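Here we start with a single chain on its own, the form deposited without nicotinamide-adenine-dinucleotide (NAD), put down as structure tokens.
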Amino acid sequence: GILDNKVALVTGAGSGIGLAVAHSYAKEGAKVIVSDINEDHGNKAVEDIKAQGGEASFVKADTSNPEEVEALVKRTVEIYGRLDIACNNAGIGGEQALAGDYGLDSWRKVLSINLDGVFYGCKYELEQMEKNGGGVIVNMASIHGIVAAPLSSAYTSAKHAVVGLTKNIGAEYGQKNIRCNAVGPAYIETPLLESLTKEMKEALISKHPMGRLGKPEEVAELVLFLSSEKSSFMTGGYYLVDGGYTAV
């Protein structure tokens, strides 16, 4: 596999996109730290990856706490000796409300996880990668890092910020054997989204020129590509996996 001998960290890897990323990375021979705030989801993920022949180990962390993220990376190096690859994926949707109605605490919660937690990841990841000869970071953005999601101004702002942070890191670290890029998924099938009224699901689908929602594995293939040597001249970029959503 293309990540043989590499150590990879994934945040929010207990479900959806993060899990699919943890699976891809393990399937290509990485030793994967599965991180999540939820221990049940985290352990199930490690057992499923072990079951299918991979090396994974679970480390609990809330990305909005910088001490827990520093401790995650520290533990990664304890369990596996190094850090080569990180996907900063943990995120929340947040309250839905018009910006003028948007809660103060709800705003801060979304920004602390979706932005600050990504920044904390990057910071301790970069610190480690400089000790072990470099590495590659993938930041999970969204189509909402470039276009609005009405009623989700916090999410949008946080995802835009992630894009900007990615550009900064890719530029700053270009000659330091570190790459950093962002991925921008549109709407992706998860159990939550199957709950919607058929007409609401069809309204969302009609925003994607491909005429369906994405699958977590389709995001994960892009993440894998940007985390491997195949993307060796790619850095500071934002990469859509959007079904055409932003083309119109």
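For every residue, the number given is its place in the sequence shown, counted from 1.
One more form of this protein, deposited with nicotinamide-adenine-dinucleotide (NAD) bound, exists but is not displayed; see below.
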property	result
Residues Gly12, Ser142 and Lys159 all lining nicotinamide-adenine-dinucleotide (NAD) in the entry with it bound, heavy atom within 4.5 Å	yes
Stretch in contact, per heavy atom within 4.5 angstroms of nicotinamide-adenine-dinucleotide (NAD) in the entry with it bound, of 134-142, 174-182, 100-108, 77-85	134-142
Exercise: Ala61 in contact with nicotinamide-adenine-dinucleotide (NAD) in the entry with it bound, heavy atom 4.5 Å	yes
4.5 angstroms heavy atom contact with nicotinamide-adenine-dinucleotide (NAD) in the entry with it bound for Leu222	no
nicotinamide-adenine-dinucleotide (NAD) contact at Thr190 in the entry with it bound, heavy atom, 4.5 Å	yes
Close approach of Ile17 to nicotinamide-adenine-dinucleotide (NAD) in the entry with it bound, 4.5 Å, heavy atom	yes
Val73, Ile169, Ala90, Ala154 - the one with a heavy atom within 4.5 Å of nicotinamide-adenine-dinucleotide (NAD) in the entry with it bound	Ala90
